[PDB]
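Reckoned from all heavy atoms, side chains included, excluding hydrogens, waters and symmetry mates. Atoms within a ligand are numbered from 1 in the order they appear, just like the ligands themselves. For the single chain, residues carry numbers from 1 onward in sequence order.
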Amino acid sequence: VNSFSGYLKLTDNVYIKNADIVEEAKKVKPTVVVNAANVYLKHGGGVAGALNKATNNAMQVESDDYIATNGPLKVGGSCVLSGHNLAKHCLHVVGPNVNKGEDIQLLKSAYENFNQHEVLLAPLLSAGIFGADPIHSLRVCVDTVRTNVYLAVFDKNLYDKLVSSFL
Ligand SMILES: O=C1CCc2cc(C(=O)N3C[C@H](C(=O)O)CCC34CCCC4)c(F)cc2N1
C-alpha cells in the first residue's frame with residue numbers, strides 16, 4: 001500500500017491520473033519523481049522547467065555541478081539526483097526529442113531506467129515539447145516498465161484520450 005490517490009489502474013503495474021506532476025510530488029513526496037530531462041540537464045521548459053521552478057532553481061544548480069563533473073547524459077540514459085523539496089530522489093531520464101531528430105526507438109531504452117526503482121511518479125517520456133505521440137509513449141511504458149509507475153498527465157484532454165484509447 002502506498003499514498004498515491006485517485007489513479008486509474010491500467011495494468012498490473014501502471015497507473016495514470018490527470019494531474020500536475022509538481023503538485024502530485026509536493027503532496028505525495030514519493031521516493032522517486034522522474035524528470036523529463038535533456039542530456040545537458042538544462043531544465044528550461046516542459047516538465048523539467050516546472051519541476052526546477054518548484055525547487056527554486058536548486059535542481060538546476062545541482063544539475064550544473066553534475067554536468068561539470070560527468071559531462072552530458074546519453075539519449076535514453078538517466079541519472080539519480082536529489083529530489084529537493086519534491087521527492088527523496090529525482091530520476092532524470094532523457095527520452096528522445098523528436099523536434100531534434102532523435103531516434104524514437106530510444107524511448108524503450110529511456111523507460112528501462114524506471115526498472116531500477118520499485119515505485120516512481122513520472123510523466124510520459126518524450127511527450128509534450130519532446131514531440132512524440134503520447135499514445136505511443138504510454139504503450140512503450142506499459143510494455144517496458146515492470147516496476148510500479150504512477151503517471152501524471154497534465155492535460156485533461158490528453159488524459160481522457162489516453163484512457164479512452166488504451167488497449
Ligand atoms: O503546470 C504545469 C506543470 C507541469 C507541466 C508539464 C508539461 C509537459 O511538458 N508534459 C506534461 C504533459 C501532460 O501530462 O499533459 C505531457 C507531456 C509532458 C510530460 C513529459 C514530456 C512533456 C505541460 F505541458 C504542462 C505542465 N503544466
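Considering each of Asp155, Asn18, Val93, the one bringing a non-hydrogen atom nearest atom 15 (O) of ligand 1 is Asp155.
Closest protein heavy atom to atom 21 (C) of ligand 1: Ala127 O, 2.8 Å. Regarding atom 23 (C) of ligand 1, its nearest protein heavy-atom neighbour is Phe154 CD2, 3.6 Å. When only non-hydrogen protein atoms are considered, atom 19 (C) of ligand 1 lies nearest to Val47 CG2, 3.2 Å. Of all protein heavy atoms, the one closest to atom 17 (C) of ligand 1 is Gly128 N, 2.9 Å.
In terms of N/O distances under 3.5 Å, ligand 1 is approached by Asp20. Residue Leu158 has no N or O atom closer than 3.5 Å to an N or O atom of ligand 1. Any N or O atom pair closer than 3.5 Å counts here, and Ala50 shares no such pair with ligand 1.
With hydrogens and angles left out, the side-chain atoms of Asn38 and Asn97 include no donor and acceptor closer than 3.5 Å. A donor-acceptor contact closer than 3.5 angstrom links the side chains of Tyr150 and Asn2. Between the side chains of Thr144 and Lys108, at least one donor N or O sits under 3.5 Å from an acceptor N or O.
Taking the six-membered ring wherever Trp is involved, the centroid distance between the rings of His43 and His92 falls below 6.0 Å.
Closest heavy-atom contact between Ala122 and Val149: CB-CG2, 4.0 Å.
Atoms CG and CG, on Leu151 and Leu162 in that order, are 9.0 Å from each other to the nearest 0.5 Å.
No heavy atom of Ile21 sits closer than 4.0 Å to any atom of ligand 1.
Within ligand 1, the atoms closer than 4.0 Å to a non-hydrogen atom of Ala36 are 20 (C), numbered from 1 in the order shown. For ligand 1 and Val153, the ligand atoms under 4.0 Å from any heavy atom of the residue are 13 (C), 14 (O), 15 (O). When each atom of ligand 1 is checked for a heavy atom of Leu124 under 4.0 Å away, the hits are 19 (C), 20 (C), 21 (C). Heavy-atom proximity to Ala152, at under 4.0 Å, picks out these atoms of ligand 1: 14 (O).
Under a hydrophobic clustering in which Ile, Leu, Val, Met, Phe, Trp and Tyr are joined whenever their side-chain heavy atoms come within less than 4.5 Å, directly or via other members, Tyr15 and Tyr111 fall into different clusters.
In this structure, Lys26 pairs ionically with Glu23, as a charged nitrogen and a carboxylate oxygen lie closer than 4.0 Å. The pair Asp155-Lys161 does not count as a salt bridge, with every side-chain nitrogen at least 4.0 angstrom from each carboxylate oxygen.
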